[PDB]
Structures are given as structure tokens and as C-alpha cells.
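S.K.: I'd like to ask some things about the structure below.
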Ligand SMILES: COc1ccc(Cl)cc1C(=O)NCCc1ccc(S(=O)(=O)NC(=O)NC2CCCCC2)cc1
Ligand SMILES: Nc1ncnc2c1ncn2[C@@H]1O[C@H](COP(=O)(O)OP(=O)(O)OP(O)(O)=S)[C@@H](O)[C@H]1O
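In the authors' numbering, the protein residues as written are 215 to 277, 283 to 329, 354 to 406, 411 to 616, 678 to 739, 768 to 921, 996 to 1040, 1060 to 1321, 1332 to 1579.
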């Protein structure tokens, strides 16, 4: 245990002194979950779940949305109200501070040291109570999140299967709804403490400025509803923008997958044009969003100026000509800031409260939704026509029981009913932890060994037996990681047969009596199914005398079982055995590049405008200082001039930040796209897709959403802090020399913070990722988990995960409180010293009263500007560190005028090729020649070098040696664009990117309609194309199920037809295609290609047999042969015929 909050001295419970040791150790050694503590018994999943379920029980025994609400209320009780009362007392003392400022200012102009030390004490106490309030509220919220999370997970166990969309709604119910609830519980005490704050503020300012005060008290208040309105607009804009963004991502996911396909003919620019077309729409939305952001930032600092303007001008020169002592004006200034700070929070509080109300309504709607069988009766509804009718079945021990029938006869339904999964209406069923593999296979977010063990102690002989008996070890070794390979989400990097074999292995490996397998032979061949039923079923299951109940439909399994079960229309037609059935019927460089992408045009326009705005904001008060003592009319007019300058300059600065941020986002995205386009193929193959896709998915989005606002806030905070320091220095010179020590202290407080605040931050992210994912895994494979009776262990795992999340999200708020309190203590020390120097120096000797006003008013508030500064600095640093990876990604004609000849005669003399710079060579002394108009075949085993030969023919490998030519022409003087408008290629991996048929046939779109129609008619595709809406305009999706595999290859051949390269490369147009269709495909491609030399590569016999010139790829080299009928009998059918 390390997080000891409840077990320390009640002084440190306030000032967080126990964090000194943690943060000092954290500076040196990197924090981790082993270096972190464990949550106390006072706050776990179990404790909060216990209190919440006790309250829910006491409320439901007296029987809903209001019910769950009151249950949470009575369950979390005293802590929340304690935080709220801390908060209101702090608010009172904060409203009290400026009045003692006023008293001091009065006394010196006409008992003040006492007021100064009282101000010091009241500041420190008020801020301490505020911080304790924040922390207690945050901890209550974290408790509530853990509690309702484990509660809705407990509910996930008892729900019914009849209720895809529900899974997404469940995981949003944990990712956004629960966060809304918890953040609303953060802001709950603020909603109680805001009204008393504004009421005390208005009544206090009225008694200081009189009737005029009221007028001012209106203006500031009028900003609070307006703000809300602005916020709403933002939200609307956000929605629209998000939509566009999503679409863009889709149009990217294709390009970053058909990489080799894309670059094999250089259609990449054609798709980049479309990608840029989407980007402009996205940019257009962003303008309005940033305009609203600018309006918000503008009002933020405009209302403070406007209040003082329309109040002071409307007080003296309007109403009663009352002499305005410096105390009145400066107290009004202080109260204006102390009231502006809370006003913004009310809008966000209202939004958070309504959103939390909706989310709790949603949570309530969700949260409240032998083997003997005699008289089976049930259905998939609380009321409806039944599908289970009159089923009586006995499943004795040690007996193979097949279930056979037609499609839709209640086979798997009977399986789940035997499981107890479906509580039958009227019937009896008796038989426990039963192993079960469902029809649709499911996996976890873990390794292969883990999925097959499934929380079971590992075995050597047992596990190796199960691995070998499932025909799974070779394909397991085929994976990039021989074992312990991280199986992707749902098994994207695996095939269906592998998932099925893993599921069957999981079912077989578990030690239990009963095993169900819902058709485990649907995605398996004949050989693998035979070996599985022989070794794993009849030899391994039948070994330990288990009760195997397998449902399938084959021939070999019928005489191997004991009981045959025939189902028809949900009824057992006949029953018995076989015989009874047959006898019956971050450095400054990242920011430097970020701002230099904007250019010199806007950098200075931003910086100098900010400097001038802050200079105006200080000069207005500097002139007010001389205004005070008493040409009052001229004074007020100068005040009005300054007030106007301030607001105009603020609007200018905001518009500048907006425009600059948008331009930078534009240029950065375009440069990233362009630099990713020109990368080599081996680079794309080396780097995983997640990192390349992820930068565009988030980095871009993150920057656009948060960099401009956070940068603006950081700049405003730092300049306001520097201005306040300069003010309190100019007021009292000696005070300056006292403030530089303390500020240096802050430097030491800075380092130790960041080197931990960053760390904890990332830890939070990590504990958020496997938690949510875990949830999803439980939802899909719910039947398997309720069948294995493994609910207890999984609930244990989820309590573990939510504890690991809460400890991180708790240490983070503890560290934020630490930095806050210490920076605030120093911000109170500085105002203490400033007032103590001002009372003596500026009164006893200097005798100038306009000074102390400015100094006190700025030192009463310097601390909040300091805190804004430091927090925004931390955020800007993490965001700039996120940006740096974008730059890391950023750093990755004599024969032309003569038309490319149709003579396909080529010759590659002494060719070699390597993949990486200075690695093992792929080819060795490759010499070959190809005659015009002659079909060429190439053979070889896997890894022989035929794909490498094709890629080198398209010079896709960047370490080839020798000279390679086409009609005396090579790659020494031609750019890539000409090199891709000269040859055609059909890859083994076909794809149909989204769009219309015109976008797939000719994405360039140069070709005319009759040309595409003829290409479809020749490619045996015109009839199915005419059977679609519109014709040549069917909206296709990436991959999908809109066309057959043969039709995808027909589209590839149509691409080849329209390419008109006159040279064709056929890279395994045979794999994963039915022979009945592949043979007619090759016949069409032969009858269509009488000219325009084609070089093919495959592992089929007849394809290699039909080619004229063929070269057998040896271990490292090739051996070519010209006449096909001569080399297939010269070696006496040893190396070229039986191999083919
Ligand atoms: C902006 O301040 C305020 C100023 C005045 C008032 Cl009347 C209220 C607040 C205020 O904020 N309302 C209290 C509720 C609240 C929410 C966030 C913060 S916080 O400081 O930003 N964040 C943390 O402490 N920890 C986070 C919490 C989320 C998980 C990760 C760690 C502090 C407090
Ligand atoms: N989880 C479910 N929720 C609601 N209805 C279901 C569910 N599973 C199946 N059904 C319905 O129950 C009917 C019968 O389903 P099955 O028992 O799976 O068909 P079966 O032919 O006996 O076995 P199969 O096809 O190998 S899974 C279908 O028409 C479905 O609409």
C-alpha cells in the first residue's frame, strides 16, 4: 500500500504532505504498478458495490430511475455534503478577502497590519478548504464510478441472449455514460455553492458602489446564459465535423492496405485527390467551430472590461458625482474577478447535469431489462409462439451423441436448452460446469496458449496432446510469433478455420464431464476433420469417458456414435440408437516547426498583439489608479478610450489564433499525406498498420480539437502572470527584490511535478484500455462463459481491473491537489509580503495611496493565474509530445516521346536482387530473354523468388543488381509515373475499393463509357453489371460482400483491359478461386490475350503447362527452358513435370 490518504495527520489530510516522498522518489525512478500502491479497504470495487447494493436493496424492498437516484444519494451520503460545506465556507471567505483589502485602503488614505495578517490567514484557509472540497468530491465520484461499473457488470451476467447494437450500447454505457455520471458527481457541490457565491457577490458590491453597482452586477451575470448558448453551438458544430472526419478515415483505410496494388500502377495520386476533396469539407466545418471558440475567448476577457467601463462611467459621471475613493474602485475590481471565475463554471455544470440525468435514465433502462429432459417447451420471448415443443431425451455417461436434421430444426437451440441457458416454460431438465464451443467462434484479447488454457494450470503432456490432436501446431508455428502470439481483436490476423480449431482445443483441453461442440467441422477440410474426429474425439474424448454431445452432419460420424437424434420443425421426429433408428420408420524544436509551418506572416501578428493586449489591460488599471484621487470628466473619458482599445485588441488576437491554427492544420496534413505517398514498399511492409493509421486518426484530430485553444490559454496565462508580477513590482520596488526568491522556489516545484504528472497520466490511459476491451469480450462470448460457470473468476478479474484503474485515476488527482496547494501557499506568501511592504513603504515614507490599490488587487489574484499557467503548460507539453511523432513520420526524356512498343521482347542479363541494404541476396545470376508476343510462365516453390521477380520487374525492391530491360529500356532515366504507365499486373490479393464501377474500372476516369462496357463484356461481367441500379454506378464498399471472388478477379482483369500497357503480369490469379471458375477464367484470359505478352506465376499444373518459356526457380538461382514440351520430358519427368 502506498496511497495512504485516510491514515495520516489531519493537517496532511489537507496539505497533502505525504506526497513529498512519493513525488521525490518518482523524480528518479519511473513509476509503475509495482511501484504504485494498492487501494485501501475504504475504497474498492467490493466496498462501494456493497454500500450501493445495500442502499438499492433497502430501497427496492419498499417497492426505476428515481429509485436508483435516491439509492445512490443515500449510499454516498455524508462525504458529498461534507465536501459541499467545505466549499461554501471557502466561498464565504473568498468573498470576504476584498473587503479587508478595502478596509486597508481606507485606513491609509485617512489598524492595518492586523488586516494584512488577517488577509494572509484568510487566503490560506479559504484556499485550503477549497482544495479539500475538490478532493473529497473527486474521491466520492471515483467511488461511485467503481461501484456502478461493477454493478452493471454484475447485471451483464444475468441478462438474456435475445437482447451487436446492444453490445455497442453497453460499451458506450461504460465509456461515455459512466464518465458523464462521475464528472457530474465531481461538479455536484459546485452546483450548490454557485448560487450563494453570486448572491453574496451582488449584495457585497451593492453596498460598496450603491445603485450603480446593481447595473454592473447585471452585465457580468448576463455573460453566464450567453456562454451556455455559445457552448451549445460548439456542440452542434462538433457533431457535424465528426461525421466528415469519420468518412475521411474510411477513404484512408483502403489506401493503407492496397499499398502494393496502389503503387503497382501509380493510381495513388488519383485517390489522393479524393482524400484532399474530403479534407476541404472538414476544414470548412472547423472555421465555424473556431469562430465560436474565438467568441468564447473574446467574451471571457471582454465582460471584465465592460463591467468596469459601464459601472465606473455610469457611477460618477452619471448618477450622483460621488467621490470614488481608491478603495471602492479596487474592491469592485477584485470582486469582479472573484465573480468572473465562478460564472463560467455554471454553464458547464448545467450541461453536465442534464447530460448526467439522461445517462442515468439510460443506465436505469439498461440495468432493469445422465442428462434427462422430459416435456421440452420454450421460446425466445417472454410471450410468443414456441419453437421448443415436446422434447424428451436421455444423455447417459460415456456416449457419443450426434444430432442431425435440416437447417432450422432446433439443434443448437436444444444445445443451449440442455445447458440451462434457456429456462423452459413447462418441462423438466436435470443433469454444473460444462465445456462448450459455440457455432460462431470467439476469442479473447490474449495469446493462443492462454485461450486454449482458459484460466487453467498449464500442463506439458496434456496441452501438447491437445495441440497435436487438433492439427494446430504447424499453423501455430506459421504465425509471425511461434507461440504466445497476441491474437488480435476477434481474430483479424487469423482465419476462420484457425479460430474454430482453437475453440475446439479450448473445449477439449478443459477437465470436465460434458462437452458440447456446435458444428466444429464447418470450416475444416476432409483430412483435418477426419484427423480431429479420430485423434481428439474418438481417441482423446472417448479416452477419459466424457459425455460428448456433438452436433453436425456428415457420413463418417453416424456409425461412430451411440444415440441418433433427428429434429424436424423443432420436434424430435425419431429417437434411439443406430439399430433402433434403422428398424423404425519535449524540446523547443517541435513547437518551432509547428509555428514555422504557420510562417513569419502570423507569428509576429500573434505575439505582438498579445503583448499589446496585456499592456492595455495593465495600463487601464494604471490610469485608474491616478483617476481615483481627487478633471474627473477627462479622467473618465480616458478610461473609456482604454476600455475600447482593450476589447478591439482582444477580438483581433482571437481571430489571429483561429486563422493561424487552421492554416497550420491544413499544411501539416497535406505535407504528411505527400510524404507518406512517396515511401518505398518495404517501408510500408515493415511498419505495422496501427502506427501509420493511428497518427492520421488521432494526432490530426487531437491537434485540431485542442492545440489552438490550449495554446491561447497558455499564452494568456503566462502573459497575465508576467504582467501581474510587473505591476506588484512597480507599485512597491523593494517588494520586487523579495519576490524573485519565491519564484525560484516554483522552479523546483515545476520539475518534480512534470516528471511525475506525465508518468501517472500515461498509466491512466493504460488502465483504461484492457478494462473496456474486457467488457466487450464478456458480451460476445456470453453463452460460453455462462456455460463454463466461470462467472466468479471473470468477476474477480474485473474487480482487479477496476482497482488498477482507480488507483491511477486517484494518484493523478492527488498529485494535482499537491501541486495546487503548494503553488497556492506560495501565491499567498507573495501577497502577504507585498501588503506588508506596501503598508509601510508606500504610506510612512512614500505617502502615495494610488499604489497600494493596484498591488493588493493584483496580488490577491496572482495565484490563480499562476495555477492556470502551470496546468496549461503541462497539457501543452503532452500535446507537443503527441505532435512530435507526426514529424517523426514526416522524414520517411528520349525514350518517353517514342510510344512504348508493343514488342514484348525483353532480356534480363545477370540479374540479382536483395530486399534490405546489405542482406542475404534473393536471386543469383538471373539471365533470361523473352520473345515478342510469347506467353511466359514461371514456377518455383514458396519463397523461391517469383513474387520478388515480379516486384523487381516493377523495380519494387530497392537493392537489385545487374541491368533489367524492356525493349532496350531500363529504369536509369525514367520516373515512377512512366514506369507505371508501361506494364500491367494482377496481384494475388484482390480488392474493390469503395465507390462506383467507374471508380474501380478506371479511377483516373479517362476511359469512355463504351470502353468500360466492352471491357466488362470481354471480361464476362456485363450481364451482372447491367443487373445493378443505374449501371456502372453501383455504390461498392471496401471488400464487403457485394461481388463474388471470381467477379473480383473479373474486375481485376477489367483493370488490366483498360490499362492498355500491352505487357501483362499475372501474379497468382488462381489462389482462393474455385477450379470450375478458375479454369474458365484462364480460358477467357487466353482467348482474350492472343498478343501483349503475359508473364504468369502460380502453383497450378495446367497453368504452367500452357506456357511456352518457363524457368524453374532453384534454391537461390533460376534455370530457364524455352520449349515447353521439350523440358517436361528431357529431365525424364523428375524436376519439371512431377514438380508442376
Ligand atoms: C476548474 O476548477 C474549479 C474551479 C472552481 C470551482 Cl467552484 C470548481 C472547479 C471544479 O473543477 N469542479 C470540481 C470538480 C473537479 C473536476 C476536475 C478537477 S481537476 O483538477 O481538473 N482534475 C483532477 O483533479 N483530477 C482528474 C479528475 C478526472 C480523472 C483524472 C484526474 C478538479 C475538480
Ligand atoms: N440468440 C438468439 N436470440 C434470438 N433468437 C435466436 C437466437 N439464436 C437463434 N434464434 C432463433 O432460433 C431459430 C432456430 O435457431 P437454431 O436452433 O440455431 O437453428 P438450427 O438449424 O437448429 O441450428 P444451427 O443453424 O446449426 S445454429 C432461428 O430462426 C433464430 O431466429
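Beta carbons are placed, not taken as given, at the ideal position from N, Cα and C, and that holds for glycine.
In angstroms, rounded to a whole number, what distance separates the CA positions of residue 1573 and residue 848?
M.R.: Approximately 53 Å, taken between the alpha carbons.
S.K.: Are the CB atoms of residue 774 and residue 413 nearer to each other than 8 Å?
M.R.: Their beta carbons are not under 8 Å apart, which means residue 774 does not touch residue 413 by this criterion.
S.K.: What are the uninterrupted segments assigned as beta strand (DSSP E) that are 3 or more residues long and contained completely in the region 826-879, given in chain order?
M.R.: If we require 3 residues or more, the beta strand (DSSP E) runs fully inside the region 826-879 come out as 850-854.
S.K.: Using 10 angstroms around the beta-carbon of residue 419, count the other beta-carbons present and answer buried if the total reaches 16, otherwise exposed.
M.R.: Residue 419 is exposed by the Cβ-count criterion.
S.K.: Tell me, which residues are paired with residue 736 by DSSP?
M.R.: In DSSP, residue 736 forms a bridge with 682.
S.K.: Nearer than 7 Å: is that true of the beta carbon of residue 715 relative to any heavy atom of ligand 2?
M.R.: For ligand 2, at least one heavy atom lies less than 7 Å from the Cβ of residue 715.
S.K.: Have a look at residue 1122 and residue 1099 and give me their C-alpha separation to the nearest angstrom.
M.R.: The alpha-carbon atoms of residue 1122 and residue 1099 are separated by roughly 15 Å.
S.K.: What is the DSSP secondary structure of residue 1530, reduced to helix, strand or coil?
M.R.: Reduced to three states, the DSSP call for residue 1530 is coil.
S.K.: Are the beta-carbon atoms of residue 679 and residue 783 separated by less than 8 Å?
M.R.: No.
S.K.: Does the beta carbon of residue 1247 fall short of 7 Å from some heavy atom of ligand 2?
M.R.: Flag unset: Cβ of residue 1247 not near ligand 2.
S.K.: Nearest-angstrom Cα distance between residue 297 and residue 396?
M.R.: Spanning the two alpha carbons is a distance of roughly 26 Å.
S.K.: What first and last residue would you give for the alpha helix (DSSP H) that runs through residue 1226?
M.R.: Looking at the DSSP string, the run of the alpha helix (DSSP H) that includes residue 1226 is 1220-1269.
S.K.: Distance check for residue 1220 and residue 769, CA to CA, integer angstroms please.
M.R.: Each residue's Cα considered, the two are about 11 Å apart.
S.K.: From 686, 302, 721, pick the residue whose C-alpha is nearest to that of residue 853; which is it?
M.R.: When only C-alpha atoms are compared, the closest one is 721.
S.K.: Excluding the 5 residues flanking residue 1429 on each side, which residues of the same chain have their C-beta closer than 7 Å to its C-beta?
M.R.: Same-chain partners within the cutoff: 1487, 1488, 1491.
S.K.: Output the distance between the C-alpha atoms of residue 874 and residue 780, rounded to the nearest integer angstrom.
M.R.: Straight-line Cα distance between these residues: approximately 28 Å.
S.K.: Let's test the definition: count the other Cβ atoms within 10 Å of the Cβ of residue 998 and tell me whether it reaches 16, buried, or not, exposed.
M.R.: Answer is exposed; the Cβ neighbour count stays below 16.
S.K.: On a Cα-Cα basis, can you pick out the residue from 1163, 1033, 1209 that is closest to residue 407?
M.R.: Residue numbering in the chain breaks between 406 and 411, and residue 407 falls inside that break, so it has no position here.
S.K.: Would the beta-carbon of residue 433 fall within 8 Å of that of residue 375?
M.R.: Cβ distance not < 8 Å, so residue 433 and residue 375 don't count as in contact.
S.K.: Would a C-beta distance cut-off of 8 Å place residue 896 and residue 708 closer than the cut-off?
M.R.: Their beta carbons are under 8 Å apart, which means residue 896 touches residue 708 by this criterion.
S.K.: So if DSSP puts residue 1351 in a beta bridge, which residue, or which two residues, is it bridged to?
M.R.: Paired residue(s): 1400.
S.K.: I'd like to confirm the pairing. Which residues does DSSP put opposite residue 1423 in its beta bridges?
M.R.: Note: residue 1423 sits in a beta bridge opposite 1503.
S.K.: What residues match up with residue 263 in a beta bridge as DSSP calls it?
M.R.: BP columns for residue 263 are empty, so no partner.
S.K.: Taking the alpha carbon of residue 244 as the reference point, which residue from 553, 1450, 826, 1187 has its own alpha carbon closest?
M.R.: Out of 553, 1450, 826, 1187, 1187 has the C-alpha closest to the C-alpha of residue 244.
S.K.: Would you mind sorting residue 1479 into buried or exposed? The rule is 16 or more other CB atoms within 10 Å of its CB.
M.R.: Exposed, by the Cβ-count rule.
S.K.: Would you report the Cα separation of residue 210 and residue 1169, rounded to the nearest angstrom?
M.R.: Past the boundaries of the shown model lies residue 210; the chain is included only from 215 to 1579, so the question cannot be answered.
S.K.: Check each candidate in 1393, 1434, 1133, 1576 and name the one with the smallest Cα separation from residue 536.
M.R.: Minimum Cα distance to residue 536 is reached at 1133.
S.K.: Quick one: which unbroken alpha helix (DSSP H) runs of 4-plus residues sit fully inside the region 790-820? Chain order, please.
M.R.: Entirely contained in the region 790-820, the alpha helix (DSSP H) runs reaching 4 residues are, in chain order, 797-805, 809-814.
S.K.: Residue 1386 to residue 1342, Cα distance in whole Å?
M.R.: Looking at the two C-alpha atoms, the distance is approximately 24 Å.
S.K.: In the structure shown, what three-state DSSP assignment does residue 334 receive?
M.R.: A gap in the chain, from 329 straight to 354, means residue 334 has no coordinates in the model shown.
S.K.: Short of 6 Å in beta carbon distance, which residues of its chain neighbour residue 222, apart from the five on each side in sequence? Order them along the chain.
M.R.: Answer for residue 222: 232, listed in chain order.
S.K.: In the DSSP output, what is residue 1360 paired with across the bridge?
M.R.: BP columns for residue 1360 point to 1353.
S.K.: Across the region 1426-1440 and the region 1366-1375, are there enough close Cβ pairs to call them in contact, namely three or more that are closer than 8 Å?
M.R.: No: the two stretches stay apart, fewer than three of their Cβ pairs being nearer than 8 Å.
S.K.: Terminal residues of the continuous beta strand (DSSP E) containing residue 1466?
M.R.: Unbroken run through residue 1466: none, as it is neither H nor E.
S.K.: Helix, strand or coil: which one does DSSP assign to residue 772?
M.R.: Strand, per DSSP.
S.K.: To the nearest angstrom, report how far apart residue 702 and residue 1235 are at their CA atoms.
M.R.: Roughly 50 Å between the two C-alpha positions.
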